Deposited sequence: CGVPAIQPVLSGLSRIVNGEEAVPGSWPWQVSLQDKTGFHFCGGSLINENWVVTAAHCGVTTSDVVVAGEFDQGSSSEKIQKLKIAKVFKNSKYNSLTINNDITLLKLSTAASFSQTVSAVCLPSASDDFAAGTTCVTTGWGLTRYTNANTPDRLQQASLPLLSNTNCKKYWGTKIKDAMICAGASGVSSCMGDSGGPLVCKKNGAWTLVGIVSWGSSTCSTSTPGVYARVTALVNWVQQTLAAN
């Protein structure tokens, strides 16, 4: 996990187009017609982790190995969803514990453009200031979504610094990043916020919420995976 067959080129509003297939765990969650409503991350061949607010159902599909959603010829994997596991602790009012697991009906076929992201340990500590990366097909301007997968490098923020803006709206299962000239935006939800752990890209956050206009000077908020990974492991073990 966490090691793309195709290396990404570094250096979402104000982000940059990604190298095709360089974020192999990134999936597009679409409805039965092919409409992209959220992103997600493959954690293995049978499971995808996304945000609870995305409201995924078994009628939706997981599209893996995609880069250009505007390309009808591009080879991808349209995977059916067998069951949806929404974290029962998801708070629809505070948005805390914003995570959902999707169990695929048919396993994804891993390859050069399709693989898993690593999961952190509940005790992992990704220091504030650490430069991480988020990806997705969300808006690039606050409008239709970009056809090609976007990416952006951004710093993790300390809870104290994040609260300087969001105050008490920041809960224990949330981690902030951004306010650095880039911003996740409509369509990016459920997607990954990854940071390197011993060189391997590890899922530190799941795009959740933030500025209602995707302001690049405001902290973006993500579901804190370290606070939710035990729930993840437990769900996989029981299913």
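A.B. asks: Can you list the gaps, in order, where the deposited sequence has no modelled residues?
C.D. replies: Model skips 12-15, 147-148 of the deposited chain.
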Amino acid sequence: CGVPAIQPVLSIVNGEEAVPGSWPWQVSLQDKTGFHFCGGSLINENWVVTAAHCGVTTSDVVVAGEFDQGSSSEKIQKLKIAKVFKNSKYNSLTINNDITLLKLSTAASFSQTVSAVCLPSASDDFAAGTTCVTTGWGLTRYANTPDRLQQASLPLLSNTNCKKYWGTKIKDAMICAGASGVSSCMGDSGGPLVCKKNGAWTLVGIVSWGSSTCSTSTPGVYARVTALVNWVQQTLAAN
From here on, numbers count along this sequence of modelled residues.
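In this text, the rigid core denotes the largest set of C-alpha atoms whose superposition between the two forms falls within 1.5 Å.
A.B. asks: So, in 8 other deposited structures of this protein, taking the root mean square over structures and residues of the Cα distances after a rigid core fit: is 213-221 or 12-20 the more displaced stretch?
C.D. replies: Relative to the shown form, the greater RMS C-alpha distance in 8 other deposited structures of this protein belongs to 12-20.
A.B. asks: Do the Cα atoms of 132-140 or those of 154-162 sit farther, on average, from the shown form in 8 other deposited structures of this protein after fitting on the core?
C.D. replies: Result of the core-fitted comparison in 8 other deposited structures of this protein: 132-140 deviates more.
A.B. asks: When the C-alpha temperature factors are averaged for each of 25-33 and 65-73, which stretch ends up with the higher value in the entry?
C.D. replies: Higher of the two, by average CA B-factor, is 65-73.
A.B. asks: If you take the mean CA temperature factor per stretch, which one wins between 159-167 and 132-140?
C.D. replies: Result of the comparison: 159-167.
A.B. asks: Per the PDB entry, which option out of 100, 97, 151, 105 has the greatest Cα B factor?
C.D. replies: Highest C-alpha B-factor among the listed residues goes to 105.
A.B. asks: Highest Cα B-factor in the PDB entry belongs to which of 178, 199, 190, 55?
C.D. replies: Reading the PDB entry, the winner on C-alpha B-factor is 199.
A.B. asks: For the chain shown, is the CA B-factor of residue 9 in the lowest, middle or highest third of its modelled residues?
C.D. replies: Highest third.
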